[PDB]
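K.L.:
Structure below; questions to follow.
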Amino acid sequence: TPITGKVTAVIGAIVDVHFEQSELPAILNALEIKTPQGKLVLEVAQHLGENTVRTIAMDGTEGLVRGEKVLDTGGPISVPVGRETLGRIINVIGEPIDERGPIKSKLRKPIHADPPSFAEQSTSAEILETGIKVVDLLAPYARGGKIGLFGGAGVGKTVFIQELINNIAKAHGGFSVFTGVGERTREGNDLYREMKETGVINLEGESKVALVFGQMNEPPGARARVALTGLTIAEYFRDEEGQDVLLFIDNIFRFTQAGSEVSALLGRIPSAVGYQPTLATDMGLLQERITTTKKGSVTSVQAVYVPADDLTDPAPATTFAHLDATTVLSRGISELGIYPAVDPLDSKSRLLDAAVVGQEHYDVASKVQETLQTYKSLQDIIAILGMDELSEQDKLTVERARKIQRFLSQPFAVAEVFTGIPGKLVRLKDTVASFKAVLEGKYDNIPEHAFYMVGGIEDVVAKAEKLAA
Amino acid sequence: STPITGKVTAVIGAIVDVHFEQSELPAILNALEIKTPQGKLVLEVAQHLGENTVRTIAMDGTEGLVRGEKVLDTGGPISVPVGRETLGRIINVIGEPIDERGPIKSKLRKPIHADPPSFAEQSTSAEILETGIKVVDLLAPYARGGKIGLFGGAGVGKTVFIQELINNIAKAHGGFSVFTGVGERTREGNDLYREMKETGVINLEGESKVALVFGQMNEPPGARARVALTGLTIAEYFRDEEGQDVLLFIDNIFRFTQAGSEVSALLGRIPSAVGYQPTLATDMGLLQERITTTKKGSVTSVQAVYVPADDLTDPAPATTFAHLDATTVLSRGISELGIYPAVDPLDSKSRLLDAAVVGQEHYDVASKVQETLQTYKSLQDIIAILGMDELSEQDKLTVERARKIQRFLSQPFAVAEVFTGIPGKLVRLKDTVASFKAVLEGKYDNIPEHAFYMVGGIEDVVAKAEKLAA
Amino acid sequence: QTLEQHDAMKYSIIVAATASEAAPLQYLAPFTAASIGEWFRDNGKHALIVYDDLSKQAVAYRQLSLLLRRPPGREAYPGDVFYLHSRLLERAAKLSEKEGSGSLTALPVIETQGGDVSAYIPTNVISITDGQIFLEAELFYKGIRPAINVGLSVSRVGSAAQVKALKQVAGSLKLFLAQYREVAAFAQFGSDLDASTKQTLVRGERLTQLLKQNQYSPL
Amino acid sequence: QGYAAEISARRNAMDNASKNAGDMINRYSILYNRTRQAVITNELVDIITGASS
């Protein structure tokens, strides 16, 4: 292109170029700056006018000499995609960093794409079992559903997702997408090793997963558009290969956080807390590029690393808008020693309702909630005084609820190594039966030690016998 | 030189900057009229930016505006109409009949701004304006020429309370009144308009004993801010240059504060605490000080105040607490108990109330009442856990007396139709003193709690006791 | 779809500005929905406008204001949010019979940020509105759904907006409930209870169950 | 014998209560202190925002 420029400034990873002609790129166009770091791919985000843009840099910055030539490569860069994206872990550029070498292009698609419309929706409300009891009872999945975890600082976020992959993604076809934004490299290696081993990545055959991994050491600007690339791979599967897909994001707090960082440099006034004023818009775009369509139904599970907790921080609040089910996982419930560390009073799904997933199922879940809410309510009084200074009826409720709380545990089958304890996977069918019994207090007579850190109702009973010895 | 012409340079919402031409000096606090097909838009001049470029606040919508538009300057504050044509007409921010009963003004206009009278002029009369309302009369009596403040939260019968005061105090009051509504609902306007046609105060043949200035909440902040100045000036004309006593009423003055905060912000003045304007103290002070008892008359303002989310600490409420002579605070707890008025006695305080100022006996009775209630509040904690344990005979009596006193506060409202449906009770001053004395003496301690509920005078306390008795 | 099943979308209009759709478009969306209502109102036809969520309108106007770098109000919501909301809200009214009687009724809907109603945008709306319908999440878990916290709910228009039959019947409903709430709190401090308190409590429990609402049931 | 146990138990219990309340005092105090600091931070942010704009 005759659209050439020099680099006027390099303030962070938000470079400014000064094109030498009045032929300019456009916003979301792409530039390649030739450097001894190879090409660096940047995306024009503002025009600051007088042929001086301000560009987000999607490839890391450093050692850049001012006045370095630019060339305009136009539009949102188009990665090369196929079913040969499957079994490849790709960097932001789109290059296999699992180093199987270049992806066989079929369709190359622009990283930024438009979100499908209200008319291109498809409405679903499916049942999908997670093999996790608490999840099944409170928030049973669907086949396009968008679930989100609001995991605290290392609350087994990876472990939870791994469990979901282990169960759900071997129980779902079409394709499945793992995209890990600002991932912890070692954890990614574990996943990669595990995936190849469990054939999820099968390189002799075809992999039923494709992978995007963007490290957290990658400069902020890169991390923001790790997401956009992932959404395109997902769209290729969703749309042009038509498949009902899956998508994992770990974490989409990293997307929000990356936006908050850049906002200052971009000249944008960072809104409340510090998140970009475009936080709302950008969350919206992303979540309507993940929304279900009549060309493919894409179940997404997105991990939100809520920083220092507090979900009324603007980014978790705006996440809640775009999730049909949530599974808030919180440190307090983790402290109570229950694994899974999922809050039972903070999970929801629209699918939970009436006879949608069974009136009886809904009734059992309702009762669990009331009982727990009473139980949490009287924690102040019980501790300051005792449980004896509250009614006998209440004491039965409390005793029942302590058991329920302990019962909710179900050892992880992918942190079975880490815990040491072999995992437990409990069916949805089993779950309805199990909780029904407990609500009638039938098994409220056998040790709370038996209830603690074990899965199934049958397992509790057996452990009662074991304890008795 | 140049004609009195400004050209718009920047419309950035309400802030409109105008560029008066080279060779003409503007002045501050002016009123600019721009003849627009949306009527003449009024811009109150609020800064000079030099080179004959002003930065002004709009009083009405700024849609359709074109940079370059000729701006006449009145050269000084908006000039409202004053007269006795004001009496019985509804006026708006720019001094225009929105009751559409034709022209308002006698032969005179006056500016919206006026200044606080001199220290000599501002001397007030300590006299007791009773209302016939026992909680008010006993525990925070209103006073002539006063600056009553009807603090309460949101709509805890707030509207009912004020309305009752209009019925009691207005008919009683010898002077005129001016009812000013600052950022209040068009439902509230219609109700007030209708209500005072009903009370006949608004008499649509001949003069009304009130004037009306309804500014409603839809109107931009700028208009909401300088509605206050307007209504104030009408009263000043009555007080001063007609002599005629007034008894001003404003509603709700938190909206005046809120309105001012916003246009501070828009003007780019770096906001003070909790987003309240830097000039908060002095502007409040300017409004209040302007209202006074001069040697030409006496104005008794009663200004409604909304305490957002019962936040008193908030500088806008905290500043008004200083600024108003005869407070009454309505508290959520008391409201919920069903005690209407919901005026909390501990939190209702008036400048006049002490010793023989309101009668020595009256003072002593009221001292005993407050102590009794205060103990009962403390005892709630004891009763909560312990119950009857560590509670003497004396404590049970104090609980009972406090409970009897608690519902003695409850008094019907005239306004109550669909709010209760029990017409108001106007209780003589002598009667209220007597009735609280009796209760305390325990002459009415064989009398149920509910026999003080929604009663008036001594006859009423006994009468509702009789009704339960039989 | 729920509306189409209940065939109420033979009269439901949905004005939308989805989260994808622009922040300027989001800001403009409430005022143009209002205009559609005013047309109904003008014709003398009656309608009701639900504004879900106005809180997100404030975010949108905030984004706009901050990218036009105008001095913002507290919580970064520009200091003229009140002007936007107030002008919008006072358009809904039940007009006179010289105005065709038409009434647009408005139900504004704000989403509480942890019950932080002292936040600038919730506070402003509360002042504007003629009622509050504070809900409780805790009561959602407690089993009610819809779950309402009626102690912080008001209707300042009284029983003039209530059905005449219903005014008579629910006359002491508030009083009973008020006594129930007080007694129930006291009861949890484990104090021994006399029959007068337990009359309230026993009556009160029956009332509590009477109040409960289950999703998607009109009546 | 029963009565003596009754009044004794009341003393023992009421003592144990006081200890437990002290611990909750400490927990809410830390929360109180934190909330003070955060409020101060948010107020300063507001000032900065105002100057910055």
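Chain B is numbered as in Swiss-Prot, which gives 39-508 for the residues shown.
Per the header of the entry, the method used was electron microscopy, 7.1 Å.
For all residues, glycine too, the Cβ spot is worked out from N, Cα and C.
Feature table excerpt (Swiss-Prot):
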type	residues	note
BINDING	B:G190, B:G191, B:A192, B:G193, B:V194, B:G195, B:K196, B:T197	ATP binding site
MOD_RES	B:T112	phosphothreonine
MOD_RES	B:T237	phosphothreonine
MOD_RES	B:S373	phosphoserine
K.L.:
Listing the recorded positions B:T112, B:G191, B:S373, which lie under 8 Å (Cβ to Cβ) from chain C?
P.N.:
none
K.L.:
How big is the gap, in Å, between the Cα of B:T237 (phosphothreonine) and that of B:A192 (ATP binding site), rounded to a whole number?
P.N.:
25
K.L.:
I'd like the number of other C-beta atoms within 10 A of the C-beta of B:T197 (ATP binding site), please.
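P.N.:
For B:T197 (ATP binding site), the 10 Å Cβ neighbour count is 22.
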K.L.:
From the Cα of B:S373 (phosphoserine) across to the Cα of B:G195 (ATP binding site), what is the distance in angstrom?
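P.N.:
So the alpha carbons of B:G195 (ATP binding site) and B:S373 (phosphoserine) sit roughly 9 Å from each other.
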K.L.:
Count the Cβ atoms, other than its own, that fall within 10 Å of the Cβ of B:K196 (ATP binding site), considering every protein chain shown.
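P.N.:
I count 23 other Cβ atoms within 10 Å of it.
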K.L.:
Would you identify which of the binding-site residues B:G190, B:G191, B:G193, B:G195 has the most other C-beta atoms lying within 10 angstroms of its C-beta?
P.N.:
B:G190
K.L.:
In terms of DSSP three-state secondary structure, what is the assignment for B:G190 (ATP binding site)?
P.N.:
strand
K.L.:
List every residue in the same chain as B:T112 (phosphothreonine), at least 6 positions away in sequence, whose Cβ is under 8 Å from its Cβ.
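P.N.:
In sequence order, the residues whose Cβ lies under 8 Å from that of B:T112 (phosphothreonine) (at least 6 apart) are B:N68, B:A69, B:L70, B:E71.
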K.L.:
Could you work out which of the modified residues (B:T237, B:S373) has its C-beta surrounded by the smallest number of other C-beta atoms within 10 A?
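P.N.:
Comparing Cβ neighbours within 10 Å for the modified residues B:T237, B:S373, B:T237 has the fewest.
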K.L.:
Fill in the CA-CA distance, B:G191 (ATP binding site) to B:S373 (phosphoserine), as an integer in Å.
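P.N.:
Their Cα atoms are separated by 10 Å.
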K.L.:
Which residues of the same chain, at least 6 positions away in sequence, have a Cβ lying under 8 Å from the Cβ of B:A192 (ATP binding site)?
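P.N.:
Long-range Cβ contacts: B:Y344, B:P346.
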